[PDB]
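Below is one structure, written out as structure tokens; the observations come after it.
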Amino acid sequence: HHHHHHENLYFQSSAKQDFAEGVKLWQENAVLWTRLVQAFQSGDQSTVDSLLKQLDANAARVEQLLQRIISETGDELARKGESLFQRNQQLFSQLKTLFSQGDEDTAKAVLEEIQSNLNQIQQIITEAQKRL
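The end of the sequence shown is residue 132 by the authors' numbering, with every number in the run present.
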């Protein structure tokens, strides 16, 4: 890893490593969520639920990685991203309830919220890379 930024920044290479791992997990989540939406459209809640479990697991994994970045470096962007993943975790359990009830209408709206969160996370990733 390299940190040759012209600004006096204290980003750690081990934090950058954790960041890279978090991004890869997010990329996986992006694929899993994309498929989730496809399953949602087809009405296959059983696949959706399974994917939500994977999405939640990865979200927690990234959360931990971001906390490590905060602990070592103190990246405010990691904190921002963390809260977005934490919200997604909440929304994943919200979907679980909604699909258990059968309320796909609201579940759609929740998925839309998750989408916008993923977009914000992408922005965090982009800007974090700039600072790294």
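C-beta atoms are modelled at their ideal positions from N, C-alpha and C, and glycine is treated no differently.
About 14 Å separates the beta carbons of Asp-18 and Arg-79, which is beyond the 8 Å limit, so they are not a contact pair. Under the criterion of beta carbons closer than 8 Å, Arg-131 and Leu-66 do not qualify as touching, at roughly 14 Å.
Spatial neighbours of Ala-128 in its own chain (CB-CB distance under 8 Å, excluding positions within 5 residues in sequence) are listed in chain order as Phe-19, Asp-75, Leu-77, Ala-78, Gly-81. Assigned with DSSP and collapsed to three states, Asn-8 falls in coil, not helix or strand. Taking 8 Å as the cut-off, the beta carbon of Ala-59 is found closer than this to the beta carbon of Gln-89. Its Cα nearest to that of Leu-95, the residue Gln-45 stands out among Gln-45, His-4, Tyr-10. Counting only runs that start and end inside the stretch 46-93, there is no beta strand (DSSP E) element of at least 3 residues. For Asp-105, the uninterrupted alpha helix (DSSP H) run begins and ends at 104-131, by DSSP. By the CB criterion at 8 Å, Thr-73 and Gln-12 fall inside the cutoff. Selection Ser-14, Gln-54, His-2, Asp-103 evaluated against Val-31 yields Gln-54 as nearest (Cα-Cα). Just so you know, the alpha carbons of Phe-40 and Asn-119 end up roughly 20 Å apart.
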